[PDB]
Amino acid sequence: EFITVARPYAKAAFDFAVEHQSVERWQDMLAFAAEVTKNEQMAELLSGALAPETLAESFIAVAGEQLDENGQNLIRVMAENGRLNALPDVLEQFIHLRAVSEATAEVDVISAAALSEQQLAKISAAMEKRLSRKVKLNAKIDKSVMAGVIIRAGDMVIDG
Amino acid sequence: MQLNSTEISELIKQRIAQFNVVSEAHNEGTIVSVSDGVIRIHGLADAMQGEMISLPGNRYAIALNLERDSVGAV
């Protein structure tokens with residue numbers, strides 16, 4: 003969960019992986035791995051194991067070894083490191099690898115969520131709300147917005 | 001295995017590739033890791049803390065306190 007060890011990971015992920023294009027390919031392999039630790043017996047059995055060799059062994063082995071050899075010999079790398087203990091850190095950091103690479107997004111304020119990928123501000127944003135259509139903001143629609151301006155307002159009711 | 005809970009299905013058949021593994025003992029278990037008679041404790045996980053426990057060859061191994069994973073004991 004340090005994710006910094008996994009930072010060096012996701013580093014080597016875009017790096018060797020995307021270099022191998024395993025950023026996607028071991029996005030697949032990686033996916034299967036988080037599936038492996040996701041196995042709770044494989045969690046229940048996660049660490050009793052002194053030999054990390056035993057771990058990568060029963061790991062690729064158990065799970066079905068969808069990891070690359072970059073991830074099998076890397077399975078020696080992190081498994082041996084035992085930093086393999088934390089799967090998702092560099093998984094969301096790899097999601098941050100390809101995704102950060104691809105980043106365009108949005109966040110709905112005073113609205114039900116948006117997340118419309120906007121490479122630029124207001125780019126897909128004003129295009130979305132303008133594009134609304136939706137325009138309802140349903141989650142945060144009214145009480146949230148009207149309590150936003152009226153939030154500032156009660157903030158004036160600070161005068162009491 | 002594949003996608004939902006198949007991930008856990010043939011992670012139980014991928015497990016079950018390996019599935020001989022996951023298990024634990026209470027008490028039973030073992031003294032996980034030790035030097036000089038204080039031990040990380042393996043197995044025996046959930047137990048009354050400080051239950052003097054029939055100890056090697058003899059003693060009632062005095063359960064020190066729950067360090068949840070591997071209890072230390074006297």
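Protein chains in written order, with the UniProt record's numbering: chain A, 3 to 162; chain B, 1 to 74. We put the CB at the ideal spot given by N, CA and C, even for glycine.
Listed along the chain, the chain A residues whose CB falls inside 8 Å of the CB of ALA17 (chain B) are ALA63, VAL64, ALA65, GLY66. DSSP places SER24 (chain A) in the helix class (H, G or I) of the three-state scheme. By the neighbour-count criterion, in which a residue is buried when 16 or more other Cβ atoms sit within 10 angstroms of its Cβ, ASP36 (chain B) is exposed. DSSP, read as helix, strand or coil, puts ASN65 (chain B) in strand. For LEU11 (chain B), the chain A residues whose C-beta falls within less than 9 Å of its own C-beta are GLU37, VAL38, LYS40, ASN41, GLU42, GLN43, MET44, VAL64, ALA65, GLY66, listed in chain order. Contact of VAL21 (chain B) with chain A is assigned, a C-beta pair being separated by under 8 Å. In chain order, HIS26 place their CB closer than 8 Å to the CB of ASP46 (chain B), counting only its own chain and leaving out the 5 sequence neighbours on each side. In this model, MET1 (chain B) and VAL74 (chain B) are separated by some 45 Å (Cα to Cα). Under the three-state reduction of DSSP output, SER54 (chain B) falls in the strand class. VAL64 (chain A) is a Cβ neighbour of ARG15 (chain B), given a cutoff of 8 Å. Under the Cβ distance rule, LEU47 (chain A) counts among the residues neighbouring chain B, one pair being separated by less than 8 Å. Three or more Cβ pairs closer than 8 Å define a contact, and the segment 7-22 of chain B meets that threshold against the segment 22-38 of chain A. Interface with chain A (8 Å Cβ-Cβ cutoff): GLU28 (chain B) is excluded.
Using a Cβ-Cβ cut-off of 8 Å, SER126 (chain A) is close to nothing in chain B; its nearest Cβ partner there is about 30 Å away. Within the same chain, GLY72, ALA73, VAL74 come within 6 Å of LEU64 (chain B) by CB-CB distance, once the 5 residues on both sides are set aside.
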